[PDB]
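Chains, contacts and geometry: an overview
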Amino acid sequence: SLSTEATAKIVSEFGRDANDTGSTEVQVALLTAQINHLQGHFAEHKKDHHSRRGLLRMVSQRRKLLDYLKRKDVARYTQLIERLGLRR
Amino acid sequence: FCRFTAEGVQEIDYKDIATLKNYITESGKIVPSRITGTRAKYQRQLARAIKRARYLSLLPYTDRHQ
Amino acid sequence: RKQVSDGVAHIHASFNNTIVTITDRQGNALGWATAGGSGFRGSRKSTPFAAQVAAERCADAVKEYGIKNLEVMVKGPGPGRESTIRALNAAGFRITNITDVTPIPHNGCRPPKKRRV
Amino acid sequence: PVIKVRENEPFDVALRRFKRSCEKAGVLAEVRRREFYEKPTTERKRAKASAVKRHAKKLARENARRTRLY
Amino acid sequence: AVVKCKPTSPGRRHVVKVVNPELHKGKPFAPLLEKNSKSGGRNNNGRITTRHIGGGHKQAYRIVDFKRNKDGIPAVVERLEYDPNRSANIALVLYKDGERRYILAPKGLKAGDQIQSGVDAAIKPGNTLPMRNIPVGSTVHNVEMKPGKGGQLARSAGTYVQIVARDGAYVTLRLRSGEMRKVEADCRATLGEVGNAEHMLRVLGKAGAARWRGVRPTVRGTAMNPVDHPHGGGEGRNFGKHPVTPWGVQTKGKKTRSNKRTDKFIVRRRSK
Amino acid sequence: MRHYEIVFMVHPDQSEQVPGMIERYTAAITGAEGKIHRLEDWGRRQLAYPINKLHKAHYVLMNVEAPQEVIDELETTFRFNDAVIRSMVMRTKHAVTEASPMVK
RNA sequence: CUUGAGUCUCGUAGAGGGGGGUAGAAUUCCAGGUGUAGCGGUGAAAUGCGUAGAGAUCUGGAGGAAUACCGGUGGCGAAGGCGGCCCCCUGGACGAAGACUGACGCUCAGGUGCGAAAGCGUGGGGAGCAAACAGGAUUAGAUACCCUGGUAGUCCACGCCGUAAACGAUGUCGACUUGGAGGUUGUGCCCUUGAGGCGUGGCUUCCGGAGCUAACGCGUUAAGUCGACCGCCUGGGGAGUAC
Ligand SMILES: [Mg+2]
Ligand SMILES: [Mg+2]
Ligand SMILES: [Mg+2]
Ligand SMILES: [Mg+2]
Ligand SMILES: [Mg+2]
Ligand SMILES: [Mg+2]
Ligand SMILES: [Mg+2]
Ligand SMILES: [Mg+2]
Ligand SMILES: [Mg+2]
Ligand SMILES: [Mg+2]
Ligand SMILES: [Mg+2]
Ligand SMILES: [Mg+2]
Ligand SMILES: [Mg+2]
Ligand SMILES: [Mg+2]
Ligand SMILES: [Mg+2]
Ligand SMILES: [Mg+2]
Ligand SMILES: [Mg+2]
Ligand SMILES: [Mg+2]
Ligand SMILES: [Mg+2]
Ligand SMILES: [Mg+2]
Ligand SMILES: [Mg+2]
Ligand SMILES: [Mg+2]
Ligand SMILES: [Mg+2]
Ligand SMILES: [Mg+2]
Ligand SMILES: [Mg+2]
């Protein structure tokens, strides 16, 4: 999983405030970091289907959240996906 | 009776052969929880400990001559 | 020709047959006997009595060696498992230790399939 | 089931201890069960049946057998 | 990787290439080359002594180091190379003192890797140590038979030997044929399996490929005339003979090992 | 850093080599900035069953805070050194410094 | 806006998954010692093995597979499924207090993924078991049941297949509605005075009320009272077959 300090750093970066954790941008960033981290693991372990299920859930959550951002506030969405370098 | 009740044992230690010998039979087999009265969580912990000890030749796998 | 005084009686007691084997304490066999050779076949050799007479025969065979103490190692599930030891004691050895050495696996090889009878 | 005959222990007594030790160990039962391969499904089914029967019997005895039989 | 060639012609349809991009795309280390002219399976009497050999490509001979005598001086693997003279791939290494040498490439071995022969040498792939030093059970390759002679056993692609036992002056080897063989414990042996394991997965796909590898076509004895072969030839396709070599010795199953000098070393002959 | 707990059993004829060995392993851990939370030479001890036909193995216990790379190296050393008959590197959560029941 | 839904902090239990080591018991085989006519098998036999020394017994070695006891109507997982011990990577569930976002939710035709066992491809491996096959019995016959053997397969790697009484024969999500006895795993208070008293969450087994049901039965884990969405049925056969 993602380490505590790293999570805190992500929160500080994208979080309006350092006690802000629920912000959409923060949530998306955290998911993205987790997904990126897990890439190495799944490259190593292609048959870890259960874990890949967890990863997939993460991906789905990120997509749903991102969609929510798009409908709510377009500028924020554009900035966030430029910051993170995520397609669409 | 459940020896660990007086402590509420913090963690069972595989090196504590003195007490694990209460939880193995003459033949080296692990005693059932129903017979010894151990709580289920502790029983699992103890079983793990016994297995580790057996690996380290602290306890025997079986009652045989050596 | 030799004397040892103290032997081991290995009682292999399968469902079909009982094999008794007296040996020196090291492992070297002195004499043996079976219910089959004792004169029992089928339903008759799969009985406690057959085991007893096999034991008697074995004791007689190792009489040359002059064995006085004897520890018995019982193996397998068998009709004898008791008759043999009783017979041996009657035949007149001091039974010192009685040990069960039935080989149980720790979930190892697959057994043969179940009989449909 | 190791036993060693103590000083001034009769043979019959020694035999009794040996039999008791074997029964306690459960060697015969283990061998009999391991004589043939029980399928996993069969093992599960047998376990379920045993549990159901035991529970039902206990309930029947304690609670159902609290009435005047005659 | 293994790559199935697309069926653009009936010549390519069955071809399976084993393509390894880690090999050196370039010319080999010229000091270690030397001339290697072809025989055509003919001996010094000019007679064909082994049938079915002839032609193929020109090939320089790499001077591979099977002896492995640079003890103590640690080398580093520069690059893997294609050797036409063997199924396995070779590795160009660079010894700290400046000498370069070719060695058989073991499994996993790659450029920049560090190797060392000797007694003190660490137990890791590509290191070479007397077989008394190697733990019993270890998989080894390029094994010597006579101390100081130079590795002879397990040189071919993906091959290896198990050190099943060490009793005194001799280690027992489980050779790749399955054979158990006693070998002197002073015999050198390189840790790990010999590389290019996919060599056997290649499929030549056409007659020409064999020709390129210098293999001339085999003619069945039963195709021939009675004067030519002990399987002669009848009207139509007869056979009725027990199979035999061209020189009339039963083939298929008849054992031919005639060697009493070395039977003492053969702990168990291969099976299967 | 993960708290480990190593216990290794040594061939009793090589019991005289044990002090040097302990020093070497500890030295490596410290070199790699590894802490050493407890270190108990239990000494020669009667085995519950014969290992490699030999009885009475020499037990050493070592609870350590080290990096996992160094733990791996230690394990490798154990496996290849034909002196240590058995070993058992076992992860632990905290600084279990208090003395063991076998010394107690 | 914060009650649904999610994020963060700290812990908890777990055969959850992937990779790599290792342990002991047992079977098989191999070599050797002791030893002698039986062993094996069955309802009873025979085939089979053994005087070319078997079976029994002790020592050593090889190798493969599976993890006794613990073990539980116990636990984990979406389901399939998961069981020695150790390490490395890794997913989820749950509780505590708060803090944060602010409806971001539910369901889902097409689509995509996962999916026991058997089966298939390529390369390994092969102890035990065992379709096929062989011999011996039984029998009217016995292409079976029983016995002695025994090859694919069962194991490993990577692909395919894509189905099971894949069952709780019970689609997912949410709300509401009397109880009793347990199991398991958190947590608050009570002096834990002892294993113990009173709460409050999660999962779980049985019994049972109202209600429901053709009945059997289900019964706060509904088959009760309702809402959203999907899947499916419309007499037996022909047929989950033909094209
Ligand atoms: Mg049978
Ligand atoms: Mg030829
Ligand atoms: Mg040809
Ligand atoms: Mg030809
Ligand atoms: Mg012709
Ligand atoms: Mg001729
Ligand atoms: Mg012809
Ligand atoms: Mg012709
Ligand atoms: Mg013709
Ligand atoms: Mg003809
Ligand atoms: Mg777990
Ligand atoms: Mg759960
Ligand atoms: Mg669909
Ligand atoms: Mg399969
Ligand atoms: Mg296959
Ligand atoms: Mg195959
Ligand atoms: Mg069979
Ligand atoms: Mg059969
Ligand atoms: Mg279906
Ligand atoms: Mg199922
Ligand atoms: Mg259905
Ligand atoms: Mg759904
Ligand atoms: Mg009910
Ligand atoms: Mg009709
Ligand atoms: Mg169809």
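Residues numbered from 1 in each chain as written, not as in the entry; some residues may be left out. Chains lettered and ligands numbered in written order. Part of a larger assembly, values for the part shown. Heavy atoms only, no water.

In terms of determination method and resolution, the entry is listed under cryo-EM at 3.0 Å.

**Some details on the sheet that holds strand β3 (residues 57-66) of chain F**
Residue and element names in this part refer to chain F. This is how it is decided: In this analysis, strands are considered paired if DSSP registers two or more bridges between them. Strands here are runs of E lasting at least two residues and helices are runs of H or I lasting at least four, both read from the DSSP assignment and numbered beginning at the N terminus. To define axes, lines are fitted to C-alpha atoms, for helices over the stretch in contact only, and angles between the resulting N-to-C directions are given on a 0 to 180 degree scale. We call two residues in contact whenever any of their non-hydrogen atoms come within 4.5 Å of each other.
As summarised here, the arrangement of the four strands in space is β2-β3-β1-β4, forming an open sheet in which the pairing is antiparallel. The open sheet terminates on both sides in strands that have one partner only, identified here as β2 (35-45) and β4 (84-87). Within this sheet the neighbouring strands show an average axis-to-axis angle of 20°, counted without direction. Where strand β1 (residues 2-10) and β4 come together, three bridges link them in antiparallel fashion. Across the sheet, residue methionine 9 finds its bridge partner in β4, namely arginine 86. Lying over the sheet, helix α1 (residues 18-31) contacts β1, β2, β3 and β4, oriented at roughly 165° with respect to β2.

**A look at unusual backbone geometry**
For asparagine 8 of chain D, which is not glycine, the phi dihedral falls at a positive 60°. Phi is positive for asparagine 196 of chain E, which is not a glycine, with a value near 25°. Structurally, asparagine 196 of chain E is set in the loop between β14 (188-191) and α1 (207-212).

**Describing the sheet that holds strand β6 (residues 90-95) of chain E**
Residue and element names in this part refer to chain E. Ordered in space as β7-β6-β5-β8, the four strands form an open sheet in which the pairing is antiparallel. Looking at which strands have only one partner, the edges of the open sheet turn out to be β7 (100-104) and β8 (113-115). Each adjacent strand pair in this sheet contributes to an overall mean axis angle of 40°, direction not counted. Strand direction decides the pairing type here: strand β5 (residues 75-81) and β6, joined by six bridges, are antiparallel. Across the sheet, residue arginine 79 finds its bridge partner in β6, namely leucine 92.

**What about helix α2 (residues 83-91) of chain C?**
An α-helix turns once per 3.6 residues; consequently, residues spaced three or four apart project the same way. Test applied: Partly exposed describes any residue whose relative accessible area lies between the buried limit of under 20% and the exposed limit of over 50%, with all areas from a 1.4 Å probe on protein chains only and scaled to the type maximum.
Taken as a whole, α2 of chain C has its buried residues at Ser83, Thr84, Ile85, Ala87 and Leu88 of chain C. Looking at the buried positions of α2 of chain C, the neighbouring elements they touch are β1 (6-13), β2 (18-24), α1 (48-61), β4 (69-75) and β5 (94-100) of chain C together with α1 (11-25) of chain D.

**Some remarks on the interface of chain C and chain D**
Keep this limit in mind: In short, buried area is how much 1.4 Å probe accessible area vanishes from two parts on joining, totalled over both. Criterion for a salt bridge: a side-chain nitrogen of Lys or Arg within 4 Å of a carboxyl oxygen of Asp or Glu.
With 24 residues of chain C at the contact, the number on the chain D side is 20 residues. Interface area for chain C against chain D, summed over the two sides, is near 2,000 Å², with a carbon-plus-sulfur share of 68%. For chain C, the biggest contributors to the area lost against chain D are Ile98, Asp100 and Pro111 of chain C; these three give 25% of the whole. Remark: the boundary between chain C and chain D carries one salt bridge. When the shortest N-O distance is used, the salt bridge between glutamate 82 of chain C and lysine 19 of chain D registers 3.0 Å. Of all elements in the fold, only α2 and β5 of chain C reach the threshold of two or more residues within the side of chain C that touches chain D. The greatest single-element share of the side of chain C that touches chain D, amounting to six residues, is contributed by β5 of chain C. As defined by bridge partners, β5 of chain C adjoins strand β1 (residues 3-4) of chain D across two bridges and the pair is classed as antiparallel. For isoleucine 98 of chain C, the partnering residue across the bridge sits in β1 of chain D and is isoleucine 3 of chain D.

**Looking at the interface of chain B and chain F**
Operational definition: N or O atoms within 3.5 Å of each other form a polar contact, as long as, within protein, one can give a hydrogen and the other can take it, and as long as residues adjacent in sequence are counted only when both atoms are side-chain atoms. By the convention adopted, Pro, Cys, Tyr, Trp, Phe, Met, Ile, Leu, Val and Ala count as nonpolar, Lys, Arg, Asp and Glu as charged, and the other residues, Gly among them, as polar.
With 14 residues of chain B in contact, the opposing surface of chain F contributes 22 residues. Summing both sides of the interface, chain B and chain F together bury roughly 1,400 Å²; the carbon and sulfur share of this comes to 65%. On the chain B side of the interface with chain F, the three residues burying the most area are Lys15, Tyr55 and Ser57 of chain B, jointly 41% of the side's total. Summed over the shared surface of chain B and chain F, the number is one salt bridge. Residue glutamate 5 of chain F is joined to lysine 15 of chain B by a salt bridge in which the shortest nitrogen-to-oxygen separation is 2.9 Å. Applying the counting rule to chain B against chain F returns nine residue pairs in polar contact. Here the side of chain B that touches chain F is built from residues that sort into seven nonpolar, two polar and five charged.

**Describing the side chain of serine 21 of chain D**
Mapped onto the secondary structure, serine 21 of chain D falls in helix α1. Separated by 3.1 Å, the side chains of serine 21 of chain D and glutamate 26 of chain B make a polar contact. Leaving out residues up to four positions away in the same chain, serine 21 of chain D has contacts with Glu26 of chain B together with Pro1 of chain D.

**What about the protein's contact with RNA strand G?**
Applicable threshold: Proximity is defined per residue: any heavy atom of the residue falling within 4 Å of a molecule or strand makes that residue near it.
Neighbouring residues of RNA strand G: 98 residues in total, closest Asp20 of chain A, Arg52 of chain B together with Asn17, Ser43 and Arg110 of chain C. When atoms of RNA strand G within 4 Å of the protein are split into backbone and base, the sugar-phosphate part holds 80%. In this structure, a phosphate oxygen belonging to RNA strand G sits 2.7 Å away from a side-chain N or O atom of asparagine 16 of chain C. By residue class, the composition of the surface near RNA strand G is 27 nonpolar, 37 polar and 34 charged.

**Looking at the arrangement of the chains**
Taking contact number as the criterion, the leading pair out of five pairs of chains in contact is chains C and D. Taking C-alpha atoms only, the smallest gap left between chain A and chain B, which are not in contact, amounts to 26 Å. When C-alpha atoms are compared, chain A and chain C, though not in contact, are closest at a spacing of 28 Å.

**A few points about the layout of surface pockets**
All names here are of chain B. Formally: Cavities and pockets were defined on a 1 Å grid built over protein atoms only: a cavity is a set of grid points that admits a 1.4 Å probe from which the probe cannot escape, a pocket is an open set flanked by protein on both sides within 12 Å along at least five of seven lines, and lining residues are those with an atom within 4 Å of any such point. Grid points are joined across faces, edges and corners, and a volume is the space filled by probe spheres set on the points.
Estimated volume of the second largest pocket: approximately 1,000 Å³. Considering the residues around the second largest pocket, the lining is formed by 32 residues, among which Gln10, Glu11, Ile12, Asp13 and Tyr14 are closest to the centre. Of all the elements in the fold, those that place two or more residues in the lining of the second largest pocket are α1 (4-7) and α4 (40-55). Broken down by element, the residue count for the lining of the second largest pocket peaks at three residues, all from α4. In the lining of the second largest pocket, the residues fall into ten nonpolar, eight polar and 14 charged.

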